[PDB]
């Protein structure tokens, strides 16, 4: 039985922060669904790369649950995630079933919006710290990847391989993560 | 006047090796055209991410010339690039006008196919070395990014930020590259 991941893709998402985790998780043999927040239609990312989702979020939700829910960053993408009642429901249910939630760069600010994981240690992009920390509901970290139990966060494009491999390690173990890492030519 | 880049996107291209350079070049203010080898239609990448190109290669060619032509990797994508007469023509013309050509991972093997840049120092993904070196037409390097004049090559997903920033430096200078790099959270 393979592990499954839901990646929620909204307009204005950071395309690197979307594609690196999708690709690395697929290299790990995880079954990844790229779900469009707004529907099935192509999604215009922050730097104008246009990605076609595998399914709408509505449809993907019916095929869950997932071993991880992944929230890419990009400020406008994170805002769209934060404003969505559907994302609220998915994240609450994932938290309620003790499933992993992974968010990168401004992505973790959607956890704040939906009151997910309060009391956890988290990181974000440096420019998203103040937003994430409004109210003091989390403890901030400058680690490149932070994992406090079932809340896994990371900082930016340059930490996205580390983030993705941390998801792989959490789901499939350290040995699979190491095997996936070697062909990537990381430093 | 901004610099312009042509990124040639074929079926089976490595989506990280496509998106990271597109995004980082756009962050640098380069005008990037993602051109579909096969036409305007969406492109299925190696790990099944589907990207919609900005234009067909046929149309993009008419809007050149470009300050850089970028060839992503992915073995099947590189093979498609290598089999295309249109790519041959674009690369020969770029070489003839003394314009930069940048290729990452198996991407440089399309330079071999089209007899581009012989006598240059190059790198590739480790698994693409033997293919690239057939005939001894290039000198191999293990540097993460190699630039021998107007032929710029790199090794893999984990070197793609370095590759993209090397393109930025070549076109827009070291200071712009440094400014684009800082918000990425590189190690």
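Following Swiss-Prot, chain A residues are numbered 2-188, in order.
If you're wondering, the header gives X-ray crystallography, 1.1 Å.
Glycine residues also receive a Cβ, built from the backbone N, Cα and C atoms like all the rest.
Here Swiss-Prot flags A:2 as N-acetylalanine, drawing on a large-scale study or a structure entry. The S-palmitoyl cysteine annotation in Swiss-Prot covers A:46, A:53, A:106. For A:67, the entry in Swiss-Prot reads phosphotyrosine, with the evidence type a large-scale study or a structure entry. The feature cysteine sulfinic acid (-SO2H) is assigned by Swiss-Prot to A:106, with experimental evidence given as support. Marked as active site, nucleophile by Swiss-Prot on the basis of a curator's inference: A:106. Taken from Swiss-Prot, the feature active site applies to A:126. Feature annotation from Swiss-Prot assigns SUMO cross-link to A:130; the stated evidence is experimental evidence. The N6-acetyllysine annotation in Swiss-Prot covers A:148, and the record cites similarity to another entry as its basis. Marked as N6-succinyllysine by Swiss-Prot on the basis of similarity to another entry: A:182.
Mapped onto this structure are the features recorded in Swiss-Prot.
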{"residue": "A:2", "record": "N-acetylalanine", "DSSP class": "coil"}
{"residue": "A:46", "record": "S-palmitoyl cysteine", "DSSP class": "coil"}
{"residue": "A:53", "record": "S-palmitoyl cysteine", "DSSP class": "strand"}
{"residue": "A:67", "record": "phosphotyrosine", "DSSP class": "coil"}
{"residue": "A:106", "record": "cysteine sulfinic acid (-SO2H)", "DSSP class": "coil"}
{"residue": "A:126", "record": "active site", "DSSP class": "coil"}
{"residue": "A:148", "record": "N6-acetyllysine", "DSSP class": "strand"}
{"residue": "A:182", "record": "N6-succinyllysine", "DSSP class": "helix"}
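The distance from the Cα of residue A:46 (S-palmitoyl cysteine) to the Cα of residue A:182 (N6-succinyllysine) comes to 26 Å. Spatially, by CA atoms, the recorded positions A:2, A:53, A:126, A:130, A:182 include one closest to residue A:106 (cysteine sulfinic acid (-SO2H)), and that is A:126. Residue A:126 (active site) sits 26 Å from residue A:53 (S-palmitoyl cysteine), taking the C-alpha atoms as the reference points.
Taking the Cα atom of each, residue A:53 (S-palmitoyl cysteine) and residue A:182 (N6-succinyllysine) are about 26 angstrom apart. Residue A:2 (N-acetylalanine) sits 13 Å from residue A:67 (phosphotyrosine), taking the C-alpha atoms as the reference points. Residues from the set of recorded positions A:2, A:53, A:67, A:126, A:130 situated with their C-beta under 8 Å of a chain B C-beta: A:53, A:126. Taking only the Cα positions, the spacing between residue A:148 (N6-acetyllysine) and residue A:182 (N6-succinyllysine) is 19 angstrom.
There are 4 other CB atoms within 10 A of the CB of the residue listed as 'N-acetylalanine', with all protein chains counted. A separation of roughly 23 Å, to the nearest angstrom, links the Cα atoms of residue A:182 (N6-succinyllysine) and residue A:67 (phosphotyrosine). For the recorded positions given as A:46, A:53, A:106, the lowest number of other CB atoms within 10 Å of the residue's CB is seen at A:53. Each of the recorded positions A:126, A:148 was scored by other CB atoms within 10 A of its CB, and the lowest score goes to A:148. On its own chain, residue A:130 (SUMO cross-link) has A:141 as residues at least 6 apart in sequence with a Cβ closer than 8 Å to its own Cβ.
There are 20 other CB atoms within 10 A of the CB of residue A:182 (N6-succinyllysine), with all protein chains counted. Spatially close to residue A:67 (phosphotyrosine) yet at least six residues away along the chain are A:5, A:6, A:7, A:34, A:95, A:100, judged by Cβ distances under 8 angstroms.
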